[PDB]
Amino acid sequence: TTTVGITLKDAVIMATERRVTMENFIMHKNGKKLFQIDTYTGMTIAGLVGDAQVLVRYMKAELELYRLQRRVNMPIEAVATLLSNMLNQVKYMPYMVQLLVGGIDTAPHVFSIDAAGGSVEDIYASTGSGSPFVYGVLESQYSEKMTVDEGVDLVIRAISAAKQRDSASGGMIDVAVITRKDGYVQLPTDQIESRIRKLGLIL
Amino acid sequence: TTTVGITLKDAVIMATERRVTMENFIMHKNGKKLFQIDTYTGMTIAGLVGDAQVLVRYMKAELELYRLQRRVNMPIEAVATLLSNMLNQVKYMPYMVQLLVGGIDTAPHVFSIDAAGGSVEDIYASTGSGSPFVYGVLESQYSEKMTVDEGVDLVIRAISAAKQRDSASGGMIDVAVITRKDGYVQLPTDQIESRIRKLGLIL
Amino acid sequence: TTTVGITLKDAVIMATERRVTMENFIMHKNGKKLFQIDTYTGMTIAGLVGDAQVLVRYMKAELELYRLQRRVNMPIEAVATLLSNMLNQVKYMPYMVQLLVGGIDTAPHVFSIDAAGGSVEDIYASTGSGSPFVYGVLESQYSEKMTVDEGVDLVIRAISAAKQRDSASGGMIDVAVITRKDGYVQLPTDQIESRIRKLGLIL
Amino acid sequence: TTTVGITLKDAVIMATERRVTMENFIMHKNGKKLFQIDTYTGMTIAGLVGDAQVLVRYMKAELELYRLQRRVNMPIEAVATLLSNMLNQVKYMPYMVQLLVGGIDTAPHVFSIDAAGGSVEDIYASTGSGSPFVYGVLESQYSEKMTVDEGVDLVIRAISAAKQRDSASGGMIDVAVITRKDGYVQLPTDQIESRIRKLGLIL
Amino acid sequence: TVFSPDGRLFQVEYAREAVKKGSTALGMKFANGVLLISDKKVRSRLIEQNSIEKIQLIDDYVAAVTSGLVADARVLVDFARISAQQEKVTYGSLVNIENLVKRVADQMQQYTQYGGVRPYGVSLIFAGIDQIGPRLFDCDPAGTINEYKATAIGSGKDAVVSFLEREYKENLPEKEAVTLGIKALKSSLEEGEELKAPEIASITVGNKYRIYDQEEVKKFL
Amino acid sequence: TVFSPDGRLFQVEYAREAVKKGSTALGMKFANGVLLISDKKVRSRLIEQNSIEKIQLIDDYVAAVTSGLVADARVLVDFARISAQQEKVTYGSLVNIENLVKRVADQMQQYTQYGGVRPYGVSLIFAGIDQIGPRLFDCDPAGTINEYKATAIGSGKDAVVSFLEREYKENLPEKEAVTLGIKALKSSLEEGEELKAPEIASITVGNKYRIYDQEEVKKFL
Amino acid sequence: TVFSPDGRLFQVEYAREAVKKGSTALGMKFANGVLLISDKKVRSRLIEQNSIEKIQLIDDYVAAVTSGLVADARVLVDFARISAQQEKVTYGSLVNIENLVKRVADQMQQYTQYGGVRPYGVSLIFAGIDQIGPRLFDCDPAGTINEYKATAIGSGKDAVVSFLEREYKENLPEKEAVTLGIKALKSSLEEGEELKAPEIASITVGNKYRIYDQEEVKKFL
Amino acid sequence: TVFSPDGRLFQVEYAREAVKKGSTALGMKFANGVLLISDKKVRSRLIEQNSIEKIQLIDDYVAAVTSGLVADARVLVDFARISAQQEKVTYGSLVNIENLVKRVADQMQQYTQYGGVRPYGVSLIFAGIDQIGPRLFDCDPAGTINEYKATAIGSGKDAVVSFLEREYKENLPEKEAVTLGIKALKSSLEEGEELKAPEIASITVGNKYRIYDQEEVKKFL
Amino acid sequence: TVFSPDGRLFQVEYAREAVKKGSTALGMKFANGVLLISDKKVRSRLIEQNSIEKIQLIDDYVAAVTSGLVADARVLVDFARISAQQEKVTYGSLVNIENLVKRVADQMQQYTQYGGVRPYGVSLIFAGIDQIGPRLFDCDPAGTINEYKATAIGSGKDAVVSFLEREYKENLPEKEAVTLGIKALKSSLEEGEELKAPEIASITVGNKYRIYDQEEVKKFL
């Protein structure tokens with residue numbers, strides 16, 4: 001699996017691929033690994049599929065409830081804190097996952113949460129078997145000054161690089177952009193395919 | 001990880017670096033390992049991040065509650081005792097952490113607390129993989145007569161030496177000074193960066 | 001660690017050193033291992049620091065309560081019996097400690113208590129990694145007829161010999177004298193340092 | 001440890017030594033292993049000292065309670081049955097002990113009880129590391145026709161032989177004689193010492 | 001606690017009678033802030049005045065005053081303090097004070113529905129700052145909640161509320177809000193009774209709570 | 001709660017008296033949607049209006065309005081919100097709103113059969129969109145449920161229902177439905193009376209709920 | 001324990017009648033310290049007076065004296081002793097005696113709210129030294145607490161309190177505080193009756209409690 | 001068991017009436033010792049005399065006598081026996097008998113405070129030797145304790161206590177103390193009524209309890 | 001089961017009325033043994049005569065008879081049987097029958113002290129051999145026990161006891177004891193009423209219990 005989240009001035013961009021394996025066996029070419037969990041909040045999942053899927057349902061439910069109760073969206077750091085508590089509480093019978101939570105409150109944020117509930121905020125982050133390849137691309141190419149269009153191309157390049165070198169990564173790249181102005185927008189596949197072409201990449 | 005706490009006549013200085021690794025993989029360069037937990041009390045964390053972060057939350061909450069209930073801050077030895085009880089109670093299913101608690105009540109104090117709740121007060125202490133390098137610097141250079149300014153320089157030199165020799169340590173040095181006059185105060189990064197320059201050091 | 005308790009005609013002398021190690025790593029030079037737990041009762045601790053400290057807190061509290069309830073101090077053998085019950089009760093999830101309890105009721109007593117709650121009274125005893133070296137000094141030099149001053153010199157000689165041969169032992173020697181007349185008296189560091197000089201000792 | 005119990009026409013004799021070891025380390029030279037548990041009932045202990053001491057306290061308490069409730073002493077076979085039930089009930093988390101129970105009701109009895117509550121009556125029995133040496137002496141020299149004075153000499157000879165060959169046995173021999181006429185009588189140390197001298201033995 | 005033929009819960013109405021006997025206290029919102037003022041039936045020079053305060057901090061950003069049975073009130077403040085910390089541990093902050101007030105109110109509602117317990121004889125005002133802004137709520141023995149710009153509890157409630165209905169203005173400066181509050185509290189005293197020194201606490205957006213000391217309160221008397 | 005000789009549960013009938021004292025609210029189905037309107041017992045400029053929510057969202061597609069004991073009602077709303085989330089987690093969606101209404105009603109029924117508790121003094125209207133279509137239900141202290149094209153709860157129930165009985169028609173445009181609703185509510189008022197701004201919320205198939213702002217509500221007054 | 005129409009809890013008021021029948025006890029703060037004096041009902045020369053004392057050490061720095069049902073009082077003193085030790089084990093020390101008093105008062109409050117138990121028929125005065133300084137508290141059957149400079153419980157309470165309100169001075173030296181307290185206690189024995197040797201205990205900052213023996217008490221009589 | 005308006009617990013006072021119907025018993029301290037004497041309600045010659053004794057050893061150094069409901073009494077003696085053994089197991093000895101008596105008295109106190117149970121209809125006298133010395137305590141249905149030099153329970157209590165108040169002095173030789181106890185017990189009998197042989201038991205410091213045989217008792221008649 | 005003003009437990013006294021209605025049975029000790037005899041109030045030829053006996057073996061060395069509510073008695077006999085087996089498993093034998101009788105009596109006592117249950121309407125005689133010797137006890141609804149040489153329960157108790165108080169001699173041969181027992185029982189009947197075949201059981205030291213067959217019983221009629 002490869003997932004990525006980056007922050008820009010007033011934007012978060014999150015992306016994943018879609019390959020689901022049982023060891024070397026590619027069972028599903030089109031799994032979903034990127035989810036809207038609130039108005040301005042997205043999450044990516046890596047690790048054990050059943051565990052990650054249960055947490056997505058739990059987060060969608062809880063953030064909806066919290067929103068109705070508080071009349072405002074859960075702050076992104078509060079999302080990461082809740083997950084942190086939840087995952088640490090079962091650390092000896094854990095959810096075997098790596099999570100990125102990304103969103104906009106008064107500012108853009110990306111958090112990376114591990115299976116023991118350790119949560120760290122970063123300007124960008126990547127999870128899954130493909131993440132080392134992504135971190136190479138981002139280290140070399142990320143700039144805090146990038147436009148959303150440049151950041152979208154960046155995550156596409158990073159995940160395409162990971163697909164070339166991680167056999168557990170593959171399939172169509174899914175991308176969402178989160179802004180205060182436009183909310184959570186999943187980019188249409190046709191748009192991502194177009195950028196893949198114009199960048200000289202494959203799939 | 002490298003953290004340090006030193007006592008001086010009427011002050012406590014605590015400091016850490018920020019590197020978060022998984023094996024050799026530097027996932028985060030800007031982790032936070034130094035926290036204010038009460039008006040005149042700070043804590044550093046080393047070990048399993050999820051465990052440490054839960055403890056920081058529990059301490060922030062309990063010390064605030066206690067302060068409201070007692071109309072006085074919890075004595076620093078009481079903070080260490082509380083932590084000692086909590087960690088020992090679960091020694092067989094432990095918080096996998098090493099903690100420093102530093103603060104001032106009628107006197108400056110640093111306590112070092114282990115994963116079985118063993119707690120020992122010292123004039124200075126260090127935790128994490130980089131701690132032996134720190135202990136070398138402090139054995140050679142610490143003086144109980146140092147000014148706060150000299151103490152800040154000392155902890156910067158100690159942590160810089162650890163960063164040079166411990167690959168699990170790195171990133172910006174964070175420093176807090178605790179006094180009766182100003183309480184816990186995290187020093188601005190610009191100031192730490194300025195001291196690193198004038199000491200002739202790196203990162 | 002090295003601790004020792006000896007009985008004389010109308011007195012108990014207990015003593016320890018102060019080194020706390022993690023393997024070869026000397027983390028603290030000045031740990032406290034000797035505690036007053038009742039008016040004429042002392043305790044020394046060896047083994048896992050967090051467990052031992054919990055027991056010291058439990059004993060201080062319980063002996064104080066018992067004194068207020070009974071209007072007399074708990075008999076020294078009753079202190080040992082209480083600890084014996086508590087430690088045996090959890091023997092499969094134990095307090096990993098060796099304890100000495102010493103004091104005066106109608107007579108001087110030293111008891112040594114193990115991690116399964118086995119408790120045996122003796123004329124003298126020693127615990128910790130340094131104890132075999134102490135037992136050599138005591139076998140050769142102890143006399144039931146010694147005066148308190150002679151007994152204090154003996155324990156100092158014994159722990160000094162242990163510090164020379166046990167790398168897990170070190171730091172300043174703490175000594176307490178317990179008598180009906182004067183109660184529990186921790187000797188001033190200056191007095192112990194002076195004895196160390198006159199006896200011609202080091203560390 | 002070495003303990004022994006023998007029956008004679010109208011008497012039971014029980015005896016132990018006093019050495020307490022951890023491996024080869026002789027921690028205590030004067031432990032107690034022979035106990036009066038009722039008016040005409042004695043018990044010896046071998047195995048884990050903490051476990052055995054708890055059971056001594058439990059038996060003293062229960063036999064006193066029973067005597068007060070029934071207005072007669074618990075029959076010796078009933079003492080062994082109670083012990084058998086208690087030990088077997090926890091056989092998977094056991095008291096790691098070997099016990100001898102001896103006494104007089106309408107007749108002399110010695111019972112040997114193991115860590116799983118197996119309990120067998122015998123005319124004589126021995127427990128502890130020194131027991132095989134004792135069985136040698138008893139097989140060769142025990143006679144059902146012996147006087148109390150002869151039986152006391154026999155057990156002293158038996159334990160002395162065990163002390164010569166079992167490094168986990170040592171110290172002063174303790175002997176008790178139980179009769180209807182005189183009850184439980186622990187023999188004075190001077191008397192045992194005098195017999196050791198007269199029999200031409202050691203320690 | 002069961003229904004009468006008219007649909008009333010008399011045990012809850014009676015709990016509200018106990019509240020009416022308590023000392024008057026009030027809260028009001030002002031420009032970027034909120035304050036509480038509490039009268040006290042100080043009754044003996046032998047009492048320590050600085051202790052068992054009417055205004056109680058729930059955290060640095062939220063405070064409460066109560067009226068009614070004083071032991072019941074302490075239990076509810078203890079509950080509120082613990083419930084605030086549970087929320088802070090779970091999420092990292094307390095985003096909306098209304099949810100804390102609801103949790104306290106739900107605890108009180110339970111004791112009006114289950115047999116084997118009597119209702120709490122307590123009303124509370126909660127005031128503080130959260131992500132929405134300065135907040136002011138009251139809560140009564142039934143667990144009924146309302147949010148206010150200004151409100152009062154205790155024996156002098158009706159007089160204080162009437163006064164405020166006429167005189168209260170939004171977005172006053174703190175000093176002018178305190179002055180108005182003191183005036184409102186005075187309007188509730190009986191024939192020639194003198195206000196001897198109330199407790200005052202206030203908070204403004206971006207700051208923690210301030211408890212006025214006796215000497216500062218005196219400048220308003 | 002036991003049976004009288006005629007087979008009645010008087011404690012439940014008395015709980016129903018508490019509901020009659022509550023503020024008036026109504027719901028009605030219209031072309032591809034459903035709406036709720038609630039009147040508010042607002043008295044005092046010192047009250048915060050924005051914090052008042054008689055119409056409460058259960059999730060993005062389901063809302064409720066209640067009448068009767070306000071604290072009891074909050075507990076049942078909280079229950080409905082959690083119950084809705086539990087269904088959504090289990091199955092991935094809420095296919096039929098009737099099942100949620102039944103779980104809430106079962107909770108209420110329980111408090112009429114077991115000793116040691118009193119019934120909830122609450123009636124609720126639930127309205128939303130599920131896989132069947134736009135839904136409108138009510139629920140009373142007994143846990144009796146009915147599905148409706150239009151209905152009302154609270155003190156003005158009888159007048160509003162009579163009005164709707166005469167004037168309601170199916171498949172109105174939203175604007176016309178809201179107009180009808182306002183007229184229905186207005187009919188329930190006494191001698192020479194407005195009618196301050198009520199709360200209005202509506203939802204249409206394929207959309208989420210919308211809450212009318214104070215200014216859009218004014219257009220109908 | 002339920003509410004009367006006037007909002008009173010009669011079972012608690014009745015428990016307070018039992019306290020009124022107890023022997024008079026008082027506390028007062030003086031220069032860097034606090035003391036307790038207790039009268040005793042000596043009702044037979046066959047009693048050992050040196051036993052079942054009215055003044056009870058909670059720890060070395062805190063003592064209590066009680067009035068009312070003696071068995072209830074013993075239960076509460078036992079609770080206070082264990083609660084003090086729990087705090088000492090958890091934190092290493094007892095920083096503020098008020099919190100211990102609150103835990104005891106909460107235990108008493110609970111027995112006024114839950115069915116199936118009666119309140120404790122006990123009032124207590126707690127006195128000792130903590131990190132704040134010398135402290136003097138009382139606590140009644142409701143679990144109501146106050147802090148004082150001087151106070152009393154038991155049958156003579158009103159007379160002792162009247163006396164002290166007139167004659168009490170802060171920061172007296174110990175001997176003068178004791179004289180005043182003896183004099184106050186004597187004034188509560190209205191008819192020509194003699195004060196037998198009361199219990200006296202005192203503590204000053206930096207020291208542990210001391211209980212005045214038989215002869216030192218006599219020196220004030 | 002709840003409070004009357006005068007603060008009394010009538011259900012406990014009624015339990016005390018059951019104790020007044022029991023056989024008379026007494027205890028007294030003498031030089032380095034303590035003793036108990038119990039009258040016997042022996043009717044039928046068909047009864048086994050040596051059985052169901054009113055003096056009951058708790059351990060070798062502690063004994064009790066009871067009066068009131070005999071089944072209730074047995075339960076409390078059983079409790080005291082097990083409680084004594086528990087303390088002996090924990091610490092290795094019973095240092096102060098007062099703590100055992102307090103544990104028994106706490107068990108009795110609990111049955112006066114909680115609903116669902118009636119108080120024990122029993123008074124006990126406990127006598128023995130501990131580390132303090134010879135001890136003599138009584139304990140009533142409320143769980144009230146006192147330590148005495150001499151005391152009595154049961155029907156003739158008031159007459160026995162009057163006689164002892166007139167005649168008792170400390171530190172008598174054992175024979176003189178028994179003689180005094182017998183005289184005191186006879187003082188409680190009706191006119192012309194003979195004292196049958198009571199039960200007597202005594203203990204002195206350094207020894208275990210001894211029960212007098214019928215022949216030893218007869219010498220005193 | 002609570003106390004009346006005179007200290008009585010009427011519900012227990014009323015249970016004792018149920019016992020008076022039962023068939024008469026008796027026990028007596030004789031030379032090295034003890035026997036039981038029970039009247040059987042036969043009421044129809046359609047009944048199986050030999051079933052649901054009044055005399056029940058608890059083990060081979062201990063028997064009981066009962067009077068009062070028969071289903072209650074059955075439950076207590078069942079309890080006694082299981083309790084005896086528990087003791088024999090624990091210790092290997094049943095040393096003193098009085099302890100067994102106390103456990104049964106304690107079970108009965110509990111049902112006089114705790115709410116939610118009524119007392120057992122039963123009295124029992126226990127008879128057997130233990131290590132002390134031949135034993136004979138009775139036990140009533142209060143859980144009161146006594147040990148006897150001879151005793152009776154049931155309607156004819158008073159007459160049988162009167163007779164034995166006159167005629168009983170210790171240490172009779174078995175045949176002479178049975179004869180006396182039959183005579184005692186006959187004296188409790190109404191004149192004209194003839195004693196039909198009673199149950200007889202006996203046990204001597206060193207032997208197990210024997211039940212007399214119908215023919216050996218006749219030899220005594």
# chains A, B, ... in the order shown; residues from 1 in each chain; ligands from 1
call {"tool": "residues_around", "arguments": {"residues": "segment 99-112 of chain I", "least_positions_apart": "5", "cutoff": "6 Å", "atoms": "only C-alpha atoms", "output": "ChimeraX atom specification"}}
result
/I:1,119,142-143
call {"tool": "residues_around", "arguments": {"residues": "segment 62-75 of chain G", "least_positions_apart": "6", "cutoff": "8 Å", "atoms": "only C-alpha atoms", "output": "PyMOL selection string"}}
result
(chain G and resi 18-25+36+38+54-56+97+120-129+153-154+209) or (chain H and resi 105-106+109+142-145)
call {"tool": "residues_around", "arguments": {"residues": "residue 52 of chain A", "least_positions_apart": "4", "cutoff": "12 Å", "atoms": "only C-alpha atoms", "output": "list in words"}}
result
residues 32, 33, 34, 35, 43, 44, 45, 46, 47, 48, 56, 57, 58, 59, 83, 87, 94, 95, 96, 97, 98, 99, 100, 114 and 115 of chain A
call {"tool": "closest_atom_pairs", "arguments": {"of": "chain C", "to": "chain B", "cutoff": "9 Å", "atoms": "only C-alpha atoms", "output": "CSV"}}
result
residue,atom,partner,partner_atom,distance
C:20,CA,B:120,CA,8.7
C:25,CA,B:132,CA,8.4
C:27,CA,B:125,CA,7.6
C:28,CA,B:122,CA,6.8
C:29,CA,B:122,CA,8.2
C:30,CA,B:122,CA,7.3
C:31,CA,B:120,CA,6.2
C:32,CA,B:120,CA,8.1
C:48,CA,B:118,CA,7.7
C:49,CA,B:118,CA,4.8
C:50,CA,B:118,CA,3.5
C:51,CA,B:88,CA,6.8
C:52,CA,B:118,CA,8.3
C:53,CA,B:118,CA,7.0
C:54,CA,B:85,CA,6.9
C:93,CA,B:92,CA,8.2
call {"tool": "select_by_dssp", "arguments": {"residues": "segment 27-99 of chain H", "states": "strand (DSSP E or B)", "output": "VMD selection string"}}
result
chain H and resid 27 to 30 33 to 38 47 55 to 59 62 to 68
call {"tool": "write_last_selection", "arguments": {"atoms": "N, CA and C atoms", "output": "short mmCIF file (atom, residue, chain, number, x, y, z; two decimals), in the first residue's frame"}}
result
data_model
loop_
_atom_site.label_atom_id
_atom_site.label_comp_id
_atom_site.auth_asym_id
_atom_site.auth_seq_id
_atom_site.Cartn_x
_atom_site.Cartn_y
_atom_site.Cartn_z
N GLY H 27 -18.81 -8.51 84.24
CA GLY H 27 -17.36 -8.63 84.19
C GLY H 27 -16.70 -7.65 85.16
N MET H 28 -15.52 -7.98 85.65
CA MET H 28 -14.77 -6.97 86.37
C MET H 28 -13.27 -7.24 86.31
N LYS H 29 -12.52 -6.15 86.28
CA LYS H 29 -11.09 -6.22 86.36
C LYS H 29 -10.65 -6.32 87.83
N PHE H 30 -9.60 -7.10 88.07
CA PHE H 30 -9.01 -7.25 89.41
C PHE H 30 -7.50 -7.19 89.25
N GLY H 33 -5.77 -8.99 86.32
CA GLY H 33 -6.70 -9.97 85.77
C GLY H 33 -8.04 -9.37 85.45
N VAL H 34 -8.86 -10.21 84.83
CA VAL H 34 -10.25 -9.88 84.51
C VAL H 34 -11.09 -11.15 84.60
N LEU H 35 -12.34 -10.99 84.99
CA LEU H 35 -13.24 -12.12 85.12
C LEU H 35 -14.63 -11.82 84.57
N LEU H 36 -15.36 -12.88 84.26
CA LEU H 36 -16.74 -12.82 83.81
C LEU H 36 -17.59 -13.75 84.66
N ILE H 37 -18.80 -13.33 84.98
CA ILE H 37 -19.75 -14.21 85.67
C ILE H 37 -21.05 -14.14 84.94
N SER H 38 -21.66 -15.30 84.70
CA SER H 38 -22.96 -15.32 84.05
C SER H 38 -23.99 -16.11 84.85
N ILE H 47 -32.62 -30.76 80.42
CA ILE H 47 -31.58 -30.01 79.72
C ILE H 47 -30.17 -30.49 80.10
N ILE H 55 -20.77 -18.05 78.68
CA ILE H 55 -19.39 -17.57 78.50
C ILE H 55 -18.77 -18.37 77.37
N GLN H 56 -18.20 -17.66 76.40
CA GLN H 56 -17.66 -18.27 75.18
C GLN H 56 -16.26 -17.75 74.90
N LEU H 57 -15.26 -18.64 74.87
CA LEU H 57 -13.91 -18.23 74.53
C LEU H 57 -13.86 -17.78 73.07
N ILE H 58 -13.21 -16.65 72.84
CA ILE H 58 -12.99 -16.11 71.50
C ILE H 58 -11.63 -16.59 71.01
N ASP H 59 -10.64 -16.53 71.90
CA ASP H 59 -9.41 -17.32 71.79
C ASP H 59 -8.94 -17.64 73.22
N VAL H 62 -9.12 -14.26 75.36
CA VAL H 62 -10.26 -13.38 75.18
C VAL H 62 -11.55 -14.18 75.29
N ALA H 63 -12.51 -13.67 76.05
CA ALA H 63 -13.79 -14.35 76.17
C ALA H 63 -14.92 -13.33 76.09
N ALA H 64 -16.12 -13.84 75.79
CA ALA H 64 -17.31 -13.03 75.73
C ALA H 64 -18.46 -13.67 76.46
N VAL H 65 -19.36 -12.82 76.95
CA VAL H 65 -20.67 -13.21 77.45
C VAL H 65 -21.66 -12.34 76.70
N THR H 66 -22.86 -12.86 76.44
CA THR H 66 -23.89 -12.10 75.69
C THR H 66 -25.22 -12.18 76.41
N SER H 67 -26.14 -11.30 76.03
CA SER H 67 -27.50 -11.34 76.52
C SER H 67 -28.39 -10.85 75.39
N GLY H 68 -29.59 -11.41 75.30
CA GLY H 68 -30.56 -10.97 74.27
C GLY H 68 -30.89 -12.18 73.40
#
call {"tool": "interface_residues", "arguments": {"of": "chain E", "to": "chain G", "cutoff": "6 Å", "atoms": "only C-alpha atoms", "output": "list in words"}}
result
residues 14, 15, 17, 18, 46, 47, 48, 71, 116, 117 and 118 of chain E
call {"tool": "write_last_selection", "arguments": {"atoms": "N, CA and C atoms", "output": "compact mmCIF listing (two decimals), in the first residue's frame"}}
result
# COMPACT_ATOMS: atom_id res chain seq x y z
N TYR E 14 -40.33 20.57 44.46
CA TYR E 14 -39.87 20.79 45.84
C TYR E 14 -38.34 21.02 45.95
N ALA E 15 -37.58 20.30 45.13
CA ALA E 15 -36.14 20.54 45.02
C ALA E 15 -35.89 21.99 44.59
N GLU E 17 -37.69 24.48 45.41
CA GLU E 17 -37.94 25.32 46.60
C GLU E 17 -36.66 25.48 47.43
N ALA E 18 -35.87 24.42 47.50
CA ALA E 18 -34.59 24.46 48.22
C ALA E 18 -33.65 25.44 47.53
N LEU E 46 -16.39 34.56 63.03
CA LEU E 46 -15.61 33.35 63.33
C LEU E 46 -15.37 32.44 62.12
N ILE E 47 -16.09 32.69 61.03
CA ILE E 47 -15.91 31.95 59.78
C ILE E 47 -14.66 32.45 59.06
N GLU E 48 -13.98 31.56 58.35
CA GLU E 48 -12.97 31.97 57.38
C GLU E 48 -13.66 32.32 56.07
N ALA E 71 -24.11 20.71 50.05
CA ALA E 71 -23.44 19.42 49.88
C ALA E 71 -23.74 18.83 48.49
N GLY E 116 -35.52 5.26 44.33
CA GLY E 116 -34.36 4.96 45.17
C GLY E 116 -33.43 6.15 45.38
N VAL E 117 -33.68 7.25 44.67
CA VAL E 117 -32.89 8.49 44.83
C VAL E 117 -33.78 9.73 44.80
N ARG E 118 -33.36 10.79 45.49
CA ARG E 118 -34.06 12.06 45.36
C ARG E 118 -33.27 12.95 44.39
call {"tool": "select_by_dssp", "arguments": {"residues": "segment 17-122 of chain D", "states": "helix (DSSP H, G or I)", "output": "ChimeraX atom specification"}}
result
/D:49-70,76-89
call {"tool": "interface_residues", "arguments": {"of": "chain F", "to": "chain A", "cutoff": "7 Å", "atoms": "only C-alpha atoms", "output": "PyMOL selection string"}}
result
chain F and resi 57+81+85+89
call {"tool": "atom_distance", "arguments": {"atom1": "atom CA of residue 198 of chain I", "atom2": "atom CA of residue 175 of chain I"}}
result
15.4 Å
call {"tool": "residues_around", "arguments": {"residues": "residue 164 of chain C", "least_positions_apart": "3", "cutoff": "12 Å", "atoms": "only C-alpha atoms", "output": "ChimeraX atom specification"}}
result
/C:2,17,130,133-134,157-161,167-171,201-203
call {"tool": "residues_around", "arguments": {"residues": "residue 217 of chain F", "least_positions_apart": "3", "cutoff": "10 Å", "atoms": "only C-alpha atoms", "output": "VMD selection string"}}
result
chain F and resid 178 182 196 to 201 211 to 214 220 to 221
call {"tool": "atom_distance", "arguments": {"atom1": "atom CA of residue 149 of chain A", "atom2": "atom CA of residue 41 of chain A"}}
result
19.5 Å
call {"tool": "atom_distance", "arguments": {"atom1": "atom CA of residue 181 of chain E", "atom2": "atom CA of residue 26 of chain E"}}
result
7.5 Å
